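Asker: The structure follows.
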């Protein structure tokens, strides 16, 4: 029910945050980000992952949408010379 | 002046029609805008967030930059909060 860290006492039911004894008001998205990290101590999340977990999936375009749009272009235009630079991005030859 | 032409590809930016290898291809609006941007900039590598901003619109919706800004806001509202920034990668709460 309550998530506890060294500094934090978080109540998922009420959006309540106690930090070093003080009640701190966060926005809803600030709260979601804080609770997600506090529930997953010691774990590194990429900026892409945190965007998805805080704001939710499929509400707006993300870098994933770029990737899936490229794949759809390749299927509709067979042999389209878009080159993948893995870990980087895309180029049209 | 309405046409961008590359190997096997004719794009009309006014009618938003795409002819590829002699066939008219129906794309969604964002598929078209992505193809046109890439075909208009042959040989150039773009990152996913560049393509995101250019094709879907800059500052139109939350992005990874919004995540960065939210982490800064948390650190300001919670002075001494132990969120570690992993340069150009992401974030971690240590304890």
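Protein chains in written order, with the entry's author numbering: chain B, 127 to 219; chain A, 126 to 220.
Beta carbons: idealized from backbone N, C-alpha and C, even for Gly.
(1) With burial defined as no fewer than 16 other Cβ atoms inside 10 Å of the residue's Cβ, what is the status of residue 127/A: buried or exposed?
(2) Mind pulling the alpha helix (DSSP H) runs of 4 or more residues that sit fully within the region 177-202 of chain B?
(3) Just verifying my parser: in three-state terms, what is the DSSP assignment at residue 174/A?
(4) Are the CB atoms of residue 192/B and residue 177/A within a distance shorter than 7 Å?
(5) From what residue to what residue does the alpha helix (DSSP H) around residue 156/B run?
(6) On a Cα-Cα basis, can you pick out the residue from 153/A, 194/A, 198/A that is closest to residue 180/A?
(7) Quick one, are the C-beta atoms of residue 172/B and residue 213/A less than 7 Å apart?
(8) Who pairs with residue 215/A in a beta bridge, going by DSSP?
(9) What's the C-alpha gap between residue 195/A and residue 151/B?
(10) Which residue from 139/A, 140/A, 141/A, 160/A puts its Cα closest to that of residue 203/B?
(11) Could you check if residue 199/B is buried or exposed, using at least 16 other CB atoms within 10 Å of its CB as the buried criterion?
Answerer: Inspection of the coordinates gives the following:
(1) Mapped onto the second chain, residue 127/A falls at position 2. The residue in question, residue 127/A, is exposed, as its Cβ has fewer than 16 Cβ neighbours within 10 Å.
(2) Listed in chain order, they are 189-202.
(3) Position 49 of the second chain, counted from the first residue, corresponds to residue 174/A. Reduced to three states, the DSSP call for residue 174/A is helix.
(4) Here residue 177/A refers to the residue found at position 52 when the second chain is read from its first residue. Here residue 192/B refers to the residue found at position 66 when the first chain is read from its first residue. Contact flag set, yes.
(5) In the first chain, counting from the first residue as 1, residue 156/B sits at position 30. 154-164 is the span of the alpha helix (DSSP H), which, as asked, contains residue 156/B.
(6) Locating residue 180/A in the second chain gives position 55, counting from the first residue. Among 153/A, 194/A, 198/A, the Cα nearest to that of residue 180/A is on 153/A.
(7) Within the first chain, numbered from 1, the residue matching residue 172/B stands at position 46. Within the second chain, numbered from 1, the residue matching residue 213/A stands at position 88. Cβ atoms of residue 172/B and residue 213/A: not closer than 7 Å.
(8) Residue 215/A sits at position 90 when you count from the first residue of the second chain. Per DSSP, 172/B, 211/A.
(9) As a working note, residue 195/A is residue 70 in the second chain. As a working note, residue 151/B is residue 25 in the first chain. Between residue 195/A and residue 151/B, the C-alpha separation is close to 14 Å.
(10) Reading the first chain from its first residue, position 77 is the one you call residue 203/B. It is 160/A.
(11) Here residue 199/B refers to the residue found at position 73 of the first chain. Counting the other CB atoms within 10 Å of its CB gives residue 199/B a total of 16 or more, which places it among the buried residues.
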